[PDB]
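Throughout, numbering of the chain's residues begins at 1 and tracks the sequence. FYI, side chains are in, hydrogens and waters are out, and symmetry mates aren't considered; it's all heavy atoms of this structure. Indexing begins at 1, ligand by ligand and atom by atom, following the structure's order.
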Amino acid sequence: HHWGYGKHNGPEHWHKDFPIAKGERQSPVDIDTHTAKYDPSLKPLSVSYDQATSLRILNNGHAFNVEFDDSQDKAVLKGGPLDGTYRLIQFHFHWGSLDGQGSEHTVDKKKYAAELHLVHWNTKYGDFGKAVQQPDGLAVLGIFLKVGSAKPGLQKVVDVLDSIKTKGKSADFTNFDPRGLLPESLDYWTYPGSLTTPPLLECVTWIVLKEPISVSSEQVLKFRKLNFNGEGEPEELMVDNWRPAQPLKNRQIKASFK
Ligand SMILES: NS(=O)(=O)OCCCCCCCCOS(N)(=O)=O
Ligand SMILES: [Cl-]
Ligand SMILES: [Zn+2]
């Protein structure tokens, strides 16, 4: 057996193999907009994805990862609450079976249809492996997805999903520009958290954008055609691969805007 999002291996079961699931800085969390406080110490956020080099897209049995070449400082995230440079390594999404759910973070308890996670690691630690052994090893830029108008920049991702329907399948995915997945505004909320999937390591500085991007019903419907299962096995649609909000505990969510 292995962790997943089913009734028998879902979020409520994770703590048995990953005790940190009940830790002090777990993610995601509900973002109470009225309790979040504007933080003047936050520096301007810098998303520099101009030289991003995508390589492959993979169905890992939980979601699909668009992987990037992080052997050189190309796609980096800096500024904001971040100290130093964080390099983009991959991005993936979390989505629901219906438009009314799918996101991991929530805003005033509101759930979006999906959530995009752009994962970056602190270059001061040399590699991703070492970074996840540090309290400030990672920075994940989270972007909410709502259903409405199509997102042109997402279509290339959608059209390749048919080739990676099942767990373990991958496909070349070069020259994809992640800048086409960003909303207009970079206003955000930030707080110290963790990976939202096992191992649930608490090494993440979360930066969640306030402005969601709009994707079409057709685009998200194709996300829902993916499979959690591997080839030749009974079909288990890849839907609702999101972890619910976790206790905030000793943390404050800061806003980059007034
Ligand atoms: N949803 S999230 O963005 O918070 O996180 C997803 C998992 C990200 C990958 C985590 C892999 C952890 C194992 O790293 S290792 N082998 O030790 O280098
Ligand atoms: Cl199921
Ligand atoms: Zn994620």
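With hydrogens left out, the protein atom closest to atom 3 (O) of ligand 1 is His92 CE1, 3.2 Å, a heavy atom. Of the protein's heavy atoms, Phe128 CE2, 3.2 Å lies nearest to atom 14 (O) of ligand 1.
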> Do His92 and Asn65 pass the side chain to side chain contact (heavy atoms under 4.5 Å, CB included) test, and can you show the C-alpha distance, the side-chain angles, and the key distance before you say yes or no?
Replying inline: CA-CA 5 Å; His92 59 276; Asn65 295 163; 3.3 Å; yes
>> Apply side chain to side chain contact (heavy atoms under 4.5 Å, CB included) to residues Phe173 and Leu55 and explain how you reach the verdict.
In response: CA-CA 5 Å; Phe173 203 62; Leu55 303 170; over 6 Å; no
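The Zn ion (ligand 3) lies closest to atom ND1 when only the N/O/S atoms of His117 are considered. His94 contributes NE2 as its N, O or S atom closest to the Zn ion (ligand 3).
Of the N and O atoms on the side chains of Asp240 and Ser97, at least one donor lies less than 3.5 Å from an acceptor on the other residue. Checking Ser41 against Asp39 by side-chain atom types alone, a donor-acceptor pair falls below 3.5 Å.
Ligand 1 has at least one atom lying under 4.0 Å from a heavy atom of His94.
Atom NZ of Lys222 and atom CG of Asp159 lie 5.5 Å apart (nearest 0.5 Å).
Listed by atom number, the atoms of ligand 1 under 4.0 Å from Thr197 heavy atoms are 6 (C), 7 (C). Taking every non-hydrogen atom of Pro199 and a distance limit under 4.0 Å, the qualifying atoms of ligand 1 come out as 12 (C). In the vicinity of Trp206, heavy-atom distances shorter than 4.0 Å reach the ligand 1 atoms 4 (O).
The ring of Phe93 has its center closer than 6.0 angstrom to the ring center of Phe223.
With atom 8 (C) of ligand 1 as the reference point, the heavy atom nearest to it among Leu195, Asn241, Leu201, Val140 is part of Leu195. Across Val132, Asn60, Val204, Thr196, heavy-atom proximity to atom 2 (S) of ligand 1 is greatest for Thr196.
Ring geometry, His105 versus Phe144: the interplanar angle exceeds 60°, so the pair is classed perpendicular (tilted spans 30 to 60°).
In this structure, atom 16 (N) of ligand 1 has no protein heavy-atom contact shorter than 4.0 Å.
In this structure, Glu104 does not pair ionically with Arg243, as no charged nitrogen and carboxylate oxygen lie closer than 4.0 Å.
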